[PDB]
Amino acid sequence: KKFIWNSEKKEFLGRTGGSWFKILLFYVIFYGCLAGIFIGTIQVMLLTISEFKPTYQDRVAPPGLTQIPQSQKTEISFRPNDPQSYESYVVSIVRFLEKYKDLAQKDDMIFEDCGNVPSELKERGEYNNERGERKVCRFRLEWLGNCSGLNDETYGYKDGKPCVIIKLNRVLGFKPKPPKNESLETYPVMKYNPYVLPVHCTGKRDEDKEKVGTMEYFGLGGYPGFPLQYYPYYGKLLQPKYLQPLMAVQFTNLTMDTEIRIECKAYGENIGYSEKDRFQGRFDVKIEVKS
Amino acid sequence: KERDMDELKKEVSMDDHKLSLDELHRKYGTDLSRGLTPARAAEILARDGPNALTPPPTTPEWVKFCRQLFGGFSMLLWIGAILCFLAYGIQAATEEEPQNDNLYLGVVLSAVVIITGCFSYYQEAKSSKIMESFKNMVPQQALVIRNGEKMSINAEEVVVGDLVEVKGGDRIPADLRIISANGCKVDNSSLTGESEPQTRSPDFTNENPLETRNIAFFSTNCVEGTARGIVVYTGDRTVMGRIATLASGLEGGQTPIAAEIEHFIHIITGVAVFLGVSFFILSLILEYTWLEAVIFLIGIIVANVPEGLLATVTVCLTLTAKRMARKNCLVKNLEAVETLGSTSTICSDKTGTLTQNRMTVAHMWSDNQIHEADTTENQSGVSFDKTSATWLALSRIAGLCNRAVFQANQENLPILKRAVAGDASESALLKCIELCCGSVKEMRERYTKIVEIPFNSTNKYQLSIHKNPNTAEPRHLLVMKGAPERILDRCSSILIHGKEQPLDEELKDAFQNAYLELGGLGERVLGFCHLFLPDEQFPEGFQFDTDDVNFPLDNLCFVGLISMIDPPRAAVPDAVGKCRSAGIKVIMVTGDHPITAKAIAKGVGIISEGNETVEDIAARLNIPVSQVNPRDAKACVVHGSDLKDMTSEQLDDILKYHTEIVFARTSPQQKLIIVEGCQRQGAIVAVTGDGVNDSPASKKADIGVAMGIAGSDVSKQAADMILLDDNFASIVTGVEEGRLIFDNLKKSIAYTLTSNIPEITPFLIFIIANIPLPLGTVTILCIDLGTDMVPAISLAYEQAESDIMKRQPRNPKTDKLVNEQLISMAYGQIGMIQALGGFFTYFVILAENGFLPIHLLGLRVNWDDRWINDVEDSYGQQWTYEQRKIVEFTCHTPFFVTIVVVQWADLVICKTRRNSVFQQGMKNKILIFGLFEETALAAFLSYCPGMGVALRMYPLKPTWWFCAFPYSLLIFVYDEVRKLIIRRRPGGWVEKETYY
Ligand SMILES: *[C@@]1(O)O[C@H](CO)[C@@H](O[C@@]2(O)O[C@H](CO)[C@@H](O)[C@H](O)[C@H]2NC(C)=O)[C@H](O)[C@H]1NC(C)=O
Ligand SMILES: CC(C)CCC[C@@H](C)[C@H]1CC[C@H]2[C@@H]3CC=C4C[C@@H](O)CC[C@]4(C)[C@H]3CC[C@]12C
Ligand SMILES: *[C@@]1(O)O[C@H](CO)[C@@H](O)[C@H](O)[C@H]1NC(C)=O
Ligand SMILES: *[C@@]1(O)O[C@H](CO)[C@@H](O)[C@H](O)[C@H]1NC(C)=O
Ligand code: BEF
Ligand SMILES: [Mg+2]
Ligand SMILES: [Mg+2]
Ligand SMILES: [Mg+2]
């Protein structure tokens, strides 16, 4: 059957050279015309969306609750002695924090010291490029209490009793709300309420609760809360390198060489959760420090 | 060694007939007239077994299931299913908590085939089911005389070397030799297609075993007269059984439809491997792991396989058949429906198939003029003028001279379709009166006979003499019916317009001239004369003589001539012409005598008037036959005797260089050789038959056909098509449908195929550019097997673009079902537009939620991770795993919708191959409905509670629906102008490529 390539007519693969060219021209022109159309349609679509804001934000209404040492299974297992064992977890913590030293926070216009106390949310105008490049509120590494403490606390972290910190997903224009004054659902570990966003963590099950002896969270104001003044985040482009608020926790008399599970729950009215997204404003983690 | 057994069956029949009476005895040792002893009989019954044909091997119902589960198209789907699991297995071990998508594909794929299979078998069962409903045949007791004790026995109980009295109305028990005869004639039409009953004689007549009257045949019956004879061949040994055994043990041949599938299959996989291999190359070039690369190749090849097309084709095929069954055209095998359209050449039988296998009054000659009686089965024919009194003076002779009458049981049965005893010739005469000249029952008794004359071998003549009830002339009347030459001697006067006239010689020439013309026509010729018998010269009361000849034999008053022949069916002539109009070749094969055949083809359109057979040219010049060159004769006749000494090569020559062509005196075996000779051209040939002589051809035919009642049961089974109504015109309807379904399949095939380009496309770029997956595997299923089907089925209902009958037969080596052209139109161009729109929609959504197209590159890796939950967009927000996944799912769903929107245009454009949308118009109601069914379904699929939970398909924001509207409209524009561009340009390059 292998005579298709050539014949007396010498049609190439059964098609004459002249036709071969004719198909090519038409196909090329057609494909070219097709591509041009599609792109032009896309160009329109660009013009529909303003650079400053997204057109649909419905799917981020319950915001996320990421950790810092993103792990293949939210599980931390390592040797309190072997650097290699805990190196991966710690490696990101610095390269993450790298953009948080007083060095980057240098240009006065770019960085404005919000304060050392939580305050009313720092509303900064109405979103537009008509107002200039808006301002960012500074965040000090020292607000972390003896976690990533540099002179005060060892870079080790994971030598024993490792620190873990929670970051709220940045959402454009999100205005955090204090938890309801009614405290039926509010376990009040923290006295401060008006300008702090409550963060608490607990063991997954009653047995887990027994396993974890104690946990300590260190934050601005000596409260386990996010700074209301910092929000609302006004654009990554609008505020290049805007710094996300960071909150951390640490553990004490834990049970080593034993897998245990920890749940970190954000609280407040404008926070939802889903039994299908563990990270949907909720938080889970498996942790094992084997020696 | 059966090829030899088959070959021996193929050979023409051989037998020993000529021998002394004593010699038959000296072979089988049975007394000529004493019958035999029981002990002798018992020995033979073990020796050869019972007198019955061996039943064809029963086929268990369970076995059939597997046939449709295998076949050809089904097999292609299977490997896919299998290749899903084989892929899934590789995937299962390598991946951790792997997605269950590939596994799902496989189960559904197998299920589709199993369903499709189960559905098919339901129909092919229902045919043979209801086919058994008319297979209610009955055993007939054998008539046997043994040891002179006249003991009739069961037909199976019959044994070799035994005596038998074949009385009139008794079926012939088995092939036998004849020792005594009293004019019994037998219907050899089933075995050898002899329209006229042939009389049976003990003496040898012709060398050909079939022709000689000494022997007898099975599945025939003594009609009139009686005789006796002695067994020769019984059971399987019988010629007919041999013939059947031959037929059943032959090769049904590959049907043309499924062959186009087998070529269709090649192209599908052929692009698939190239696409897959190329991608596998690129994938490795792209550095992805070998193990993963294999999965990629399998996935592309698998998803490239059509899914629901198998069901669409099957359903479409069944529908077409149903309408045929609505008009009593049944097919045991679903595939054969298309065969009629594909036929380039046909071969039909004369008796029982074209003819009604009933002798019937054809022409009449009165007052020196001819009057062709209406030959119509259903009495739709025109009639002669009956005003002349000569019709009366003629009609009475027939009504009274005939010996018998209708059976009492027949009541509302039509006059033509009612059984009657005695000679058929007499029956037709009884018929012709009963339609044209009132009734006969009263007419027969109203004139009271006295003495009648039965058939006499010596001094043959047949006459009677009855009384005159009409008061005008009480003198008794005598009627004589006889062969014309004998009749001519005994008549002088002739009645014209009620006046007796003498035998002028010129009139004598005219009667002779008419006799010659009718003989050429081939109708049996009978002449009728009646003269009033006076009462003055002969006493009005009792004055009769039976031994010494009293009444005036000579000098009677002649009236006219009546001709009898087996006409065609009412719709046969027009149908033949219609077939010729499609350029189809029409050829007649029968075992009957040439004399009868030649006229039939002239009268039915096989032979155009004025075309000359090799012989007519000789007659036109009064010259020896040998001289004229055969090329001059556009048509040719071929007697069977010559055929035996003929070489395959000569046939080829005989076929090409002629058109109108007829064979006669042909054995059933010889018929089969004809079909193969037609097949050797490489063309598609069909066959229509009535009797067992036609059983072998129908089988080995690409497709065989027969009559539901006037057909032989053996042949009935072999054929792939049964005509219940026996309406020959149905064949014309069949070709119409066959050509029609063909094109609509081309249309249907394209719609489902074009869908694959957008189906597959995301999966491709997804790997190439590491973007989020634009289309879910599950959603594809909702297109291939969900929304698209209802249109795909609707396409089949499309009416004719133009007069297909004008179109010549397609050529199987040329205009194939799925050419390279079709792929170019759908896969090459429309599909790319079809897909392009989906990507546009995909980009729009992501952007509208702040995921910018430029920014989506390489994003796959971090995207599909189940743990990273701070994924950043170009706007810079952070997203959790489930949310951005919900978006992807809610982004998959529009892709599914857009596909329907885009498919809408395809449904329209593929409704026509050439005509403009409105040139044909949207008149196909089912097509329309599907549009809504498809739409409504799609809409529901996105807005039912929790579809995003059960099927991971979420609701849709309102703008999205109109996303691809320009694209779909554009597709419409491109195709319409293209189809309208080839309307103007008859032979432009436009046609060679775009047209499919
Ligand atoms: C900080 O993380 O670590 C230091 C120890 O490195 C703690 O300051 C012992 O550890 O704590 C008690 C008070 O809790 C003192 O009496 C001892 O002097 C401390 N020893 C040393 C060597 O400092 C401190 O508690 C801790 N801070 C927090 C916020 O946990
Ligand atoms: C010339 C006419 C026939 C069609 C030309 C196509 C162009 C100009 C138009 C026609 C339909 C349009 C699209 C239809 C729907 C959407 C979705 C919406 O969320 C943003 C606008 C967008 C993305 C439109 C972009 C511009 C578009 C592609
Ligand atoms: C808080 O609501 O209640 C406290 C009483 O237990 C009170 O001391 C504190 O100031 C209140 N703060 C606000 C903002 O309501
Ligand atoms: C430690 O948490 O738990 C011990 C029991 O396992 C207990 O003896 C000890 O006091 C606890 N230490 C602290 C600091 O609370
Ligand atoms: F005349 Be057909 F051969 F029966
Ligand atoms: Mg026949
Ligand atoms: Mg067949
Ligand atoms: Mg598909």
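Residue numbers (UniProt numbering), protein chains in the order written: chain V, 13 to 303; chain Y, 26 to 1021.
Every residue, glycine too, gets a C-beta built ideally from N, C-alpha and C.
Open item on the list: Whole angstroms are fine: how far does the CA of residue 757 (chain Y) sit from the CA of residue 333 (chain Y)?
Closed with: Rounded to whole angstroms, residue 333 (chain Y) and residue 757 (chain Y) show a C-alpha spacing of 32 Å.
TODO: For residue 488 (chain Y), write down the residues that DSSP places opposite it in a beta bridge.
DONE: Note: residue 488 (chain Y) sits in a beta bridge opposite Y:505.
- [ ] Just the C-alpha distance for residue 898 (chain Y) and residue 890 (chain Y), rounded to the nearest angstrom, thanks.
- [x] So the two alpha carbons sit approximately 16 Å from each other.
Open item on the list: Quick check: is the beta carbon of residue 76 (chain V) nearer than 9 Å to any beta carbon in chain Y?
Closed with: Yes, its Cβ sits closer than 9 Å to a Cβ of chain Y.
Open item on the list: With H, G and I counted as helix, E and B as strand and the rest as coil, what does DSSP make of residue 90 (chain V)?
Closed with: DSSP places residue 90 (chain V) in strand when its eight states are reduced to three.
Task: Partner residues on chain Y for residue 50 (chain V), Cβ-Cβ distance less than 8 Å - done: Here the neighbours are 861, 864 and 865.
Open item on the list: Classify residue 292 (chain V): buried if its beta carbon has 16 or more other beta carbons within 10 angstroms, exposed otherwise.
Closed with: The residue in question, residue 292 (chain V), is buried, as its Cβ has 16 or more Cβ neighbours within 10 Å.
TODO: Check residue 17 (chain V) in the structure and name its three-state DSSP category.
DONE: Looking at residue 17 (chain V) - three-state DSSP - the assignment turns out to be coil, as it is neither helix nor strand.
Task: CA-to-CA distance, residue 994 (chain Y) to residue 926 (chain Y), given in whole angstroms - done: CA-CA distance, residue 926 (chain Y) to residue 994 (chain Y), rounds to 10 Å.
Open item on the list: For the alpha helix (DSSP H) containing residue 326 (chain Y), name the first residue and the last one.
Closed with: Segment 315 to 329, the alpha helix (DSSP H) holding residue 326 (chain Y).
Open item on the list: On the DSSP letters alone, give me the boundaries of the alpha helix (DSSP H) that residue 285 (chain Y) sits inside.
Closed with: Counting along the chain, the alpha helix (DSSP H) containing residue 285 (chain Y) begins and ends at 281 to 310.
Task: Chain-ordered neighbours of residue 875 (chain Y) on chain V, where CB pairs are closer than 9 Å - done: At a beta-carbon threshold of 9 Å, the residues of chain V lying near residue 875 (chain Y) are 61, 65, 66, 67, 68, 69 and 184, ordered along the chain.
Task: For residue 557 (chain Y), three-class secondary structure by DSSP - done: The three-state reading of DSSP puts residue 557 (chain Y) in strand, counting E and B together.
TODO: Name, going along the chain, the residues of the stretch 1009 to 1021 of chain Y whose beta-carbon falls closer than 9 Å to a beta-carbon of chain V.
DONE: Of all residues in the stretch 1009 to 1021 of chain Y, 1014, 1017 and 1018 have a Cβ within less than 9 Å of some Cβ in chain V.
Task: Chain-ordered list of residues that sit, by beta carbon, closer than 6 Å to a heavy atom of ligand 5 - done: Those residues placing their Cβ nearer than 6 Å to any heavy atom of ligand 5 are, following chain order, Y:218, Y:374, Y:375, Y:376, Y:377, Y:615, Y:616, Y:617, Y:715, Y:716 and Y:718.
Task: Proximity below 9 Å, CB of residue 292 (chain Y) to CB of residue 845 (chain Y) - done: Against a cut-off of 9 Å, the Cβ pair of residue 845 (chain Y) and residue 292 (chain Y) comes out as a contact.
- [ ] Tell me where the beta strand (DSSP E) around residue 689 (chain Y) begins and ends.
- [x] First-last of the beta strand (DSSP E) with residue 689 (chain Y): 686 to 689.
- [ ] State the beta-bridge partners of residue 124 (chain V) as determined by DSSP.
- [x] Per DSSP, the beta bridge partners of residue 124 (chain V) are V:149.
- [ ] Verify the contact flag: residue 236 (chain V), CB atom, against every heavy atom of ligand 3, threshold strictly below 8 Å.
- [x] The answer is no for residue 236 (chain V).
TODO: Report the three-state DSSP secondary structure of residue 399 (chain Y) (helix, strand or coil).
DONE: Coil.
Open item on the list: Just to confirm the assignment, what range does the beta strand (DSSP E) spanning residue 180 (chain V) have?
Closed with: Bounds of the beta strand (DSSP E) holding residue 180 (chain V) are 176 to 180.
TODO: Give, in chain order, every unbroken run of the beta strand (DSSP E) that is at least 3 residues long and sits entirely within the stretch 231 to 267 of chain Y.
DONE: Qualifying beta strand (DSSP E) stretches, in chain order: 247 to 256.
- [ ] Output yes or no for whether 9 Å exceeds the beta carbon distance between residue 455 (chain Y) and residue 427 (chain Y).
- [x] Contact flag set, yes.
Task: Inter-residue spacing [alpha-carbon to alpha-carbon] between residue 172 (chain V) and residue 263 (chain V) - done: The alpha-carbon separation between residue 172 (chain V) and residue 263 (chain V) amounts to approximately 9 Å.
Open item on the list: Suppose the cutoff is 7 Å on Cβ atoms and the five residues either side in sequence are ignored; what does the same chain contact list for residue 429 (chain Y) look like?
Closed with: Here the set comprises 445, 446, 447 and 451.
Task: residue 272 (chain V): first and last residue of the uninterrupted alpha helix (DSSP H) it sits in - done: From DSSP, residue 272 (chain V) is part of no alpha helix (DSSP H) but of the beta strand (DSSP E) over 272 to 278.
TODO: May I ask you to check if the CB of residue 729 (chain Y) is nearer than 8 Å to at least one heavy atom of ligand 7?
DONE: Checking every heavy atom of ligand 7 against the Cβ of residue 729 (chain Y), one is found closer than 8 Å.
Open item on the list: Taking CB distances under 9 Å as the criterion, tell me whether residue 57 (chain V) reaches chain Y.
Closed with: So yes, residue 57 (chain V) belongs to the interface.
Task: Cβ-based burial, residue 769 (chain Y) [other Cβ within 10 Å; buried from 16] - done: It is buried - the Cβ of residue 769 (chain Y) has at least 16 other Cβ atoms within 10 Å.
Task: Close-in-space but distant-in-sequence residues of the same chain around residue 134 (chain Y) (CB under 6 Å, 5 per side omitted) - done: Cβ neighbours of residue 134 (chain Y) beyond the five flanking positions: 102, 105 and 106.
TODO: Answer yes if the stretch 295 to 304 of chain Y comes into contact with the stretch 108 to 124 of chain Y, meaning at least three C-beta pairs across the two stretches below 8 Å, and no otherwise.
DONE: Between the stretch 108 to 124 of chain Y and the stretch 295 to 304 of chain Y, the count of Cβ pairs shorter than 8 Å is below three; the stretches do not touch.
Task: Chain-ordered residues of the stretch 164 to 195 of chain V with a beta carbon less than 8 Å from chain Y - done: Result list: 179, 181, 182, 183 and 184.
Task: Residues that residue 27 (chain V) bridges to, as DSSP identifies them - done: Residue pairing by DSSP puts residue 27 (chain V) in a beta bridge opposite V:24.
Open item on the list: Using DSSP's beta-bridge definition, name the partner residues of residue 551 (chain Y).
Closed with: Answer by DSSP bridge pairing, in chain order: Y:587.
Open item on the list: Give me the DSSP bridge partner(s) of residue 230 (chain V).
Closed with: DSSP output for residue 230 (chain V) lists V:260 as bridge partner(s).
Task: residue 337 (chain Y), buried or exposed, once every other Cβ within 10 Å from all chains shown has been counted against 16 - done: When all chains shown are included, residue 337 (chain Y) counts as buried.
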